[PDB]
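# Geometric and topological summary
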Amino acid sequence: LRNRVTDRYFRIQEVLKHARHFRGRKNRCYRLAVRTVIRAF
Amino acid sequence: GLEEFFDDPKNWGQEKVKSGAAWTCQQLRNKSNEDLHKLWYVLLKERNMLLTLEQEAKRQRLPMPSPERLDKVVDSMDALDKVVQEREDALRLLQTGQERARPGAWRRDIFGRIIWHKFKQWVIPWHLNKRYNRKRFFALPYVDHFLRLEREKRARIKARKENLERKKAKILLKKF
Amino acid sequence: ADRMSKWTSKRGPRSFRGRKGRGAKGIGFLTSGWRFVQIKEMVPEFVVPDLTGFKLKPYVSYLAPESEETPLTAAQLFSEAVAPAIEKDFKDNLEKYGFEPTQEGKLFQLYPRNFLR
Amino acid sequence: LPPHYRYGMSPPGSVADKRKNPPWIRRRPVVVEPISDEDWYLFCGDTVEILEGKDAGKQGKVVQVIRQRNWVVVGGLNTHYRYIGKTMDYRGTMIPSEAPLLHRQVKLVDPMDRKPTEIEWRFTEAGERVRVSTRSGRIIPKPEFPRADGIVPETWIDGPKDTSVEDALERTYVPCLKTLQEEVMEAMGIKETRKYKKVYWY
Amino acid sequence: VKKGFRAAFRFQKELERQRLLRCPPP
Amino acid sequence: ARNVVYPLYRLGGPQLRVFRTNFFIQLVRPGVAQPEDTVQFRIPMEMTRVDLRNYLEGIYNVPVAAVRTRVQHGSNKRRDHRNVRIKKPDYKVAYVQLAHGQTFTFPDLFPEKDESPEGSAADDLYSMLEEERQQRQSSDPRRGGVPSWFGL
Amino acid sequence: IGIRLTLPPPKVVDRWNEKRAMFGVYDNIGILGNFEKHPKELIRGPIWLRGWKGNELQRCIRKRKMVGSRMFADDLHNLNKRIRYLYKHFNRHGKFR
Amino acid sequence: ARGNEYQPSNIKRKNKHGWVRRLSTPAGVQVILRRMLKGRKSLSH
Amino acid sequence: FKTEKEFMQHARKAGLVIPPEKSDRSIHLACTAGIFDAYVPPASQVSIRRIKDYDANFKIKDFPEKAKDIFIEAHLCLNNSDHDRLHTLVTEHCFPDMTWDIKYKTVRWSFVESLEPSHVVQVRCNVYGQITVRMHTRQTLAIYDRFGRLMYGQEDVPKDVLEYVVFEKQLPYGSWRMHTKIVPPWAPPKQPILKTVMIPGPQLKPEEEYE
Amino acid sequence: XXXXXXXXXXXXXXXXXXXXXXXXXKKXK
RNA sequence: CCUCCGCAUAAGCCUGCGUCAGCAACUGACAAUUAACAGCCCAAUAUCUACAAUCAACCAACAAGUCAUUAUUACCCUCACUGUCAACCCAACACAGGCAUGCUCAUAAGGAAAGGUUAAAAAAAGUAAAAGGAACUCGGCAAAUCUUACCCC
RNA sequence: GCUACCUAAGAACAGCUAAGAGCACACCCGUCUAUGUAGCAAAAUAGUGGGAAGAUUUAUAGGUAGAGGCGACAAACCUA
RNA sequence: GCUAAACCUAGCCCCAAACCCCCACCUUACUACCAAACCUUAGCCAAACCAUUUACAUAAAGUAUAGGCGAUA
Ligand SMILES: [Mg+2]
Ligand SMILES: [Mg+2]
Ligand SMILES: [Mg+2]
Ligand SMILES: [Mg+2]
Ligand SMILES: [Mg+2]
Ligand SMILES: [Mg+2]
Ligand SMILES: [Mg+2]
Ligand SMILES: [Mg+2]
Ligand SMILES: [Mg+2]
Ligand SMILES: [Mg+2]
Ligand SMILES: [Mg+2]
Ligand SMILES: [Mg+2]
Ligand SMILES: [Mg+2]
Ligand SMILES: [Mg+2]
Ligand SMILES: [Mg+2]
Ligand SMILES: [Mg+2]
Ligand SMILES: [Mg+2]
């Protein structure tokens, strides 16, 4: 793979920091947390 | 007698046996052929003694008293089997000029690869040897694809190894 | 169904285990009624020499000198064994000096090897 | 020993080495600099002088050389401390174990200077290849390591299964055109009147 | 081992911030 | 001899002779109970029982009266980290019966403990490791963890 | 969590390497050397694409016609399959006609 | 009912996929040549 | 197990043969296991001349002012846990005896000035010299815990202590380092500890009875 | 007077199998 | 208390519950099955061989059957080799499956259905039942008893 | 090496009544029912059954191979 | 604070240059030894089905030509 993504931890953490006060699995798992952060926004 | 299969009773259970050196090949060329024949059976009986002890060592769960003198008997037995062959291989050059003791021919089996065919002894000549004539020593035309594919496998293997040597040899001038 | 194991004399039915043996060389032949006739001359007799009065122990003491290894060739053998008889019989039919021209009449033939080991 | 094996202090057949290098370890190889055979100049027994690290400037003597990693282990020096002898309720006793030193980390020492130098394998009419220092044109010898095995060469008395030197040199060889099969069969005293019959070879 | 410097430099400075949220200095 | 090509025998030819024997031998201890005349050897695979009869009448001058051989299957059920089998080799076993009513027992090679006791002062090193077994200086229970180095 | 906990070993880079310091020399060998050579007789690579640029179907068709006679047999069969694939892709498939 | 289609025999295993039968036809010598080009440990039964 | 001997026996039962392997290199030692002749506290003139050939400059009448300074400056390596400096001032036989029990606890040893000028009692003798020196000093000692509550002794009051301090030199770069510390049997018992101790009784199985 | 002991190792293997689907119902309708 | 198992051979498998060591046969080291049984046979060339078997004798068959030499020539050595283990194979398993033959045809051999409890429902396997007796149900299916008669194909 | 058929040379079939005969074992098959349904099992188990001196069943080796084989036609069977 | 996480070098790819390689073993391979090879590729696919047909240095040139004169060659 010529160039792959190294910055992906910091893209997860822009969406997970807005979800830190949620309930259940929507604060930890990014795929559920991105749909709730959008809906919260 | 059977006591020649073990060493002296003053040597059972010592864990160090003072032994001499193994014979090197230069000392054995100065001995004659009746005098190397008897040195074989002295070295044969000293080998058979050590092979019992190495088995009784494993059986008694114990380490050997000295396993380094079985290195000195194998390396002196083959040194005797080298000097007999060096006179057999030289006497054949003077008498017949052949470089090998067993006859043989370069042949090419069914798979197309070139092999050395070591000859065997028979009582009937080869054209009425029923089993020998089934063993066929030529390659038909359908083999030439696999000869080219085997050739390109070794050419890939060699082009992999020679290229990997230069890739390690420029790393040497990066650390040093 | 197991192929990486060696195909050995233990591994077939009854009639496979009779034919295939170990590497043990044949000693005679079989005849009618499965009677084995052991041939006395196919069995190898060891010519063992007598080792009394023999002053060559199996090791070498470490007080020995070191030499260099010069192996025996067909020139060194000739320069020792057959060359000096030539100079004693040139300065005065090669079968006189030691040529054995053809060897279908020998017991111990050097090509092909008649003899054991 | 596998390819890309990792040499260390314990020799590669040992009990401690089998634990460290089992036949499934695949670690990154160390990159040594390729010194040829004639370019190595430190042997078991040379009095060498450390430069880098602890024992700075102190001269010691080489007791082992692991040439497969360009390694010289200087006697008593460049040491750390470890314990030996385990029972489950013991406290400890130190032994000063030695750590190895690279060949760029040690220098040879003249007999008439006690001082560091380098080595260039100069050519003399007295010796075919020998250590001559770079600061003084002096033959440095190759010192005596004890022996490769246990020998103690000059002090060696032989047991009952060793040939004397008078018998391992006794040239009884008579160069002749006879086989050992043929030479024994006149000396072992056998008659073989039967003649061999021609077999084929194919 | 993905190559590159900049994400490893960001992550090194964002672990130092976590070292101060766990071990803040006097 | 093994791994050599034997000459062929035709009717009325000479006698076959080994001069320098290839196959070496080892005499083992019986692991089950045998009679007092039965010696047990470890033959190699390429040796017959007529060959073993001549090996001991010839090289060792032994009155052998009967030989019985069997081939022992060495095990092929033990594996590595690559899950490749490791073959313990086959070996042939002899059973020599000694003539004249001779009797053989296997000797006690390595007699269990010989001199007086086990070990001391092996090298300077073992006396460096044995005299702290005399001088461990174990703790007093009335001290309770306090180090016994300081004179206070 | 694939991000490295230590920062990687440093990249030293020799800007005055012999390759970099003399990069570009004789790129203008034609226009001020009386046109005895072209600048494409400096390019060093595979014999089929010296002084020649093309897409992957033009490249494999040209590599086959120039060097296919001495190509390895399992490597040639991949080339004829690749030309037969890139023919079908470039001539039959796509958004634009 | 099913599953034990394999009923082992050595006179059947050797007569069908043995080295002698693999060489007995030119269609099956290219079997053996395909096994050495892959690098197989065992080219026949 | 319990001994090095039982491992050689549990190997012989289990069948793990460990063969002795030769090495040219051995373990290079620079002390001894113990005292040479344990001087018993309440005629060694050749040994002083067995020092001067391997040392070439050795005056005893200046020595226990130097040997006292190894003593108190190897002991300040305990207050700070400088394990680097203690190896140059104390020997490898003595080093585990004065650092193993003090691990994970803070010592507060301190030297207030002596009572008598320290002197030698006996001197003895690859070759190891040994100088048994008597110091009669006054030291202060407080050992703490991991948690740093006081576990031994006051930190202020200096007590008077009698020491027999054996020294050692390897006879080229070697120096004199403390080798051991012979506690005599007629000596008084030390300071009693802070906590109180239960010494446990014999653990009876159901088939033993306590008499 | 503190040291190391004898040696140790490990062991592991894994395999799978395959199947089908059959003997269902609810015909023509 | 079970026993429809068992013990051998064959085929298959290939050291796979022997010694020492390390729910509550695996690894390392050592050891072993020994030929008389069973495999592994045959010097040529001619010419030989109508009449089964079945207790083979009567009686009866049709489907017409497993069993053999002689002549002249050549021949002198002799007991080698190989299988011999196990709680085992084929079914991905330490699988309620499959698997030829000889004997034992109830054992002289081989084994253990219950980890401990409690004594619900539903469910599975069984045994008993008042009075009735196919009223059940598509159908006497199942179980319980032993039987008639008549069709279609 | 399953199976469909064939070839060579083998094997097996108690007891009872009296011949592709009847009762009935071993053996071969798989009628009906229940359990099972990621099961003991990728077709089993328990009972109940059909045949069991024959167009029988069966071990061993050989044969026929996919535009084909083989088939007491079920468009069956030819390694789930 | 468990499980884990981290890693950098085994090796590889592409090119250039150069044309590369004791014993037993076709019988049941790994078994010491007895009376004869040559012979058109088809098809997918494309033609929107399919039935003739459908590719297997530079420049002249996608030119002349070929073609259910069409896909295309
Ligand atoms: Mg046998
Ligand atoms: Mg079958
Ligand atoms: Mg299954
Ligand atoms: Mg019983
Ligand atoms: Mg139970
Ligand atoms: Mg229960
Ligand atoms: Mg209920
Ligand atoms: Mg009722
Ligand atoms: Mg009704
Ligand atoms: Mg109703
Ligand atoms: Mg019913
Ligand atoms: Mg009937
Ligand atoms: Mg049905
Ligand atoms: Mg019936
Ligand atoms: Mg129909
Ligand atoms: Mg139909
Ligand atoms: Mg189309």
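Per the PDB record, this model was obtained through cryo-EM at a reported resolution of 3.3 Å.

Taking the PDB entry as the reference, chain G is identified by name as 39S ribosomal protein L51, mitochondrial belonging to Homo sapiens. Listed in the archive, the entry goes by the title "Structure of the split human mitoribosomal large subunit with rescue factors mtRF-R and MTRES1". As its UniProt record puts it under Subcellular location, chain G is described as follows: "Mitochondrion". Under the Sequence similarities heading, UniProt states for chain G: "Belongs to the mitochondrion-specific ribosomal protein mL51 family."

The PDB entry lists chain B under the name 39S ribosomal protein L47, mitochondrial, from Homo sapiens. As recorded by UniProt, the Subcellular location comment attached to chain B reads in full: "Mitochondrion". Recorded under Sequence similarities, the UniProt text for chain B is reproduced unchanged: "Belongs to the universal ribosomal protein uL29 family."

The next subject is the overall build of chain B. Counting its secondary structure elements, chain B contains 6 helices and 3 strands. When the helices and strands of chain B are listed from N to C terminus, the series reads α-α-α-β-β-β-α-α-α. Summarising its shape, the C-alpha atoms of chain B cover approximately 70 × 65 × 40 Å along the three principal directions. For chain B, the residues scored as buried account for 43% of the 176 residues in total. In chain B, 56% of the contacts between residues at least 6 apart in sequence involve partners at least 24 apart. Counting every atom, chain B has about 10000 Å² of accessible surface; 53% of that belongs to carbon and sulfur.

As a further point, take the overall build of chain G. The helix and strand inventory of chain G stands at 3 helices and 0 strands. Its helices and strands taken in sequence order, chain G reads α-α-α from the N to the C terminus. Its C-alpha atoms give chain G principal-axis dimensions of roughly 60 × 50 × 35 Å. Taken over 97 residues, chain G has a buried fraction of 15%. Contacts in chain G between residues at least 24 apart in sequence constitute 18% of all its contacts with a sequence separation of at least 6. With the model as given, the accessible surface of chain G reaches about 8600 Å², and the carbon-plus-sulfur share is 55%. One way to put it: in chain G the 23 positive side-chain charges average out to a point 11 Å from where the 8 negative ones average out.

Residue and element names in this part refer to chain I. Across 10 bridges, the pairing between strand β3 (residues 128–140) and strand β6 (residues 159–170) is antiparallel. Of the residues in β6, the one forming a bridge with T132 is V166. Of the strand pairs in this sheet, β6 and strand β7 (residues 177–181) are connected by 4 bridges, and their pairing is antiparallel. When the sheet's bridge partners are listed, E168 is paired in β7 with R177.

This part is about the interface of chain H and chain C. Across the contact, 11 residues belong to chain H and 9 residues belong to chain C. Around 820 Å² of area is buried between chain H and chain C when both sides are counted, 62% of it from carbon and sulfur atoms. For the pair chain H and chain C, the interface holds 0 salt bridges. At the boundary of chain H with chain C, the tally comes to 1 residue pair in polar contact. Considering only residue class, the side of chain H that touches chain C consists of 3 nonpolar, 4 polar and 4 charged.

All names here are of chain D. Residue placement: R131 occurs in strand β9 (residues 131–133). Classification of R131 by relative accessible area gives buried; the value is 2%. Residues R131 and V15, spaced 116 residues apart in sequence, show a C-alpha to C-alpha distance of 37 Å. Within polar-contact distance, the side chain of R131 engages the side chain of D46 at 2.7 Å. Polar contacts involving the side chain of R131 include one to the main-chain carbonyl oxygen of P141, which spans 2.7 Å.

Moving on: a positive patch on the surface. On the surface, a cluster of positive charge is contributed by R2, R4, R8 and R11 of chain A together with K3 of chain E. Residue placement: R2 of chain A occurs in the segment before α1 (8–16). On the basis of relative accessible area, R2 of chain A is assigned to the exposed category, the value being 65%.

Here we come to the protein's contact with RNA strand K. Close to RNA strand K lie 65 residues, the nearest being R17 and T31 of chain C, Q34 and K77 of chain F together with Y6 of chain H. The sugar-phosphate backbone supplies 69% of the atoms of RNA strand K found within 4 Å of the protein. At 3.0 Å, a backbone N or O of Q38 of chain C approaches a sugar or linking oxygen of RNA strand K. Going through the elements one at a time, α2 (33–59) of chain B, α1 (14–19) and β2 (36–38) of chain C, β3 (38–43), α1 (49–58), β5 (70–72) and β6 (91–98) of chain F together with α1 (4–14) of chain I are the ones with two or more residues in the surface near RNA strand K. Sort the elements by how many residues they give to the surface near RNA strand K and α1 of chain C lands first, with 5 residues.

As a further point, take a negative patch on the surface. Among the surface-exposed residues, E68, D71, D75 and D78 of chain B together with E21 of chain I lie close enough to one another that they form a single negatively charged patch. Mapped onto the secondary structure, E21 of chain I falls in the loop between α1 and α2 (45–48). By relative accessible area, which is 49% here, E21 of chain I ends up partly exposed.

Each α-helix turn comprises 3.6 residues. Residues three or four places apart therefore point the same way. Look at helix α1 (residues 6–22) of chain E: 24 Å from first C-alpha to last across 17 residues, which is about the 24 Å you get at 1.5 Å a residue. Regarding α1 of chain E, the residues found buried are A7, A8, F11 and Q12 of chain E. On an axial view of α1 of chain E, the arc spanned by its buried residues comes to 135 degrees, and they lie on one face. Opposite the buried face of α1 of chain E, by more than 90 degrees, sit the exposed residues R6 and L21 of chain E. In the core, the buried residues of α1 of chain E are packed alongside α1 of chain A.

All right, on to the protein's contact with RNA strand M then. In the vicinity of RNA strand M, 66 residues are found, and the nearest of them are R102 and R131 of chain B together with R62, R84 and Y87 of chain G. Among the atoms of RNA strand M lying within 4 Å of the protein, the sugar-phosphate backbone contributes 66%. Measuring from a phosphate oxygen of RNA strand M, one finds a backbone N or O atom of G2 of chain G at 3.3 Å. Taken together, the elements giving at least two residues each to the surface near RNA strand M come down to β3 (121–122), α4 (130–134) and α5 (144–169) of chain B, α1 of chain C, α2 (56–67) and α3 (73–92) of chain G together with α1 (10–17) and α2 (19–22) of chain H. With 8 residues, the single largest contributor to the surface near RNA strand M is α5 of chain B. When the residues that make up the surface near RNA strand M are grouped by side-chain class, the tally is 25 nonpolar, 12 polar and 29 charged.

Residues and elements named next belong to chain A. Where α1 meets helix α2 (residues 30–40), the closest approach of the two axes is 9 Å, and the angle between their N-to-C directions is 45 degrees. As judged from the angle between their axes, α1 and α2 are oblique. In the packing of α1 onto α2, the handedness of the crossing is left-handed. Side by side, α1 and α2 meet where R11, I12, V15 and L16 of the first sit next to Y30, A33, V34 and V37 of the second.

Looking at the 17 pairs of chains with contacts, the pair that accumulates the most is chains B and C. You won't find any contact between chain H and chain I; their C-alpha atoms come no closer than 34 Å.

How large an interface is tends to be reported as the accessible area lost when its parts come together. Every contact between the two is made by 33 residues of chain C and, on the other side, 42 residues of chain B. Contact between chain C and chain B buries roughly 3400 Å² in total, counting both sides, with carbon and sulfur atoms accounting for 61%. Run the count over chain C and chain B and you get 3 salt bridges. Where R113 of chain C meets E88 of chain B, a salt bridge forms, and the shortest distance between an N and an O atom there is 3.8 Å. Contributions of two or more residues to the side of chain C that touches chain B are made by β4 (59–60) and α2 (74–81) of chain C. The greatest single-element share of the side of chain C that touches chain B, amounting to 3 residues, is contributed by α2 of chain C. Of the residues in the side of chain C that touches chain B, the class split is 21 nonpolar, 5 polar and 7 charged.

Looking now at the sheet that holds strand β10 (residues 139–140) of chain D. All names here are of chain D. Read from one edge of the open sheet, 3 strands run β8-β9-β10, paired in antiparallel fashion. In the strand order of this sheet, the two ends are held by β8 (119–120) and β10, each with one partner. When β9 meets β10, the two strands line up antiparallel, connected through 2 bridges. If you follow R131 over to β10, its bridge partner there is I140.

What counts as what
- Residues numbered from 1 in each chain as written, not as in the entry; some residues may be left out.
- Chains lettered and ligands numbered in written order.
- Part of a larger assembly, values for the part shown.
- Heavy atoms only, no water.
- Residues with missing side-chain atoms left out of burial classes, pairs and counts.
- UniProt positions renumbered as here; feature names shortened; annotations may be inferred.
- Helix = DSSP H or I, 4+ residues; strand = E, 2+ residues; numbered from the N terminus.
- Buried < 20%, exposed > 50% of the residue type's maximum accessible area, 1.4 Å probe, protein only.
- Contact = heavy atoms within 4.5 Å.
- Areas by Shrake-Rupley, 256 points an atom, 1.4 Å probe, with all protein chains shown as cover.
- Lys, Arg positive; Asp, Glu negative; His and termini not counted.
- Charge placed at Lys NZ, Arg CZ, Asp CG, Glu CD.
- Pairing = 2+ DSSP bridges.
- Buried area = accessible area lost by both parts, 1.4 Å probe.
- Salt bridge = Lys/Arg side-chain N within 4 Å of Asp/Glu carboxyl O.
- Polar contact = N/O pair within 3.5 Å; in protein donor to acceptor, adjacent residues only side chain to side chain.
- Nonpolar A, V, L, I, M, F, W, Y, C, P; charged D, E, K, R; others polar.
- Patch = residues over 30% accessible without salt bridge, like charges linked within 9 Å, V, L, I, M, F, W, Y side chains within 5 Å.
- Near = heavy atom within 4 Å.
- Expected span 1.5 Å × (residues − 1).
- Arc of directions from axis to C-beta.
- Axes fitted to C-alpha atoms, helices over the stretch in contact; angles between N-to-C directions.
- Parallel < 35°, antiparallel > 145°, perpendicular 65-115°, else oblique.
- Left-handed = near helix turned anticlockwise from the far one by under 90°.

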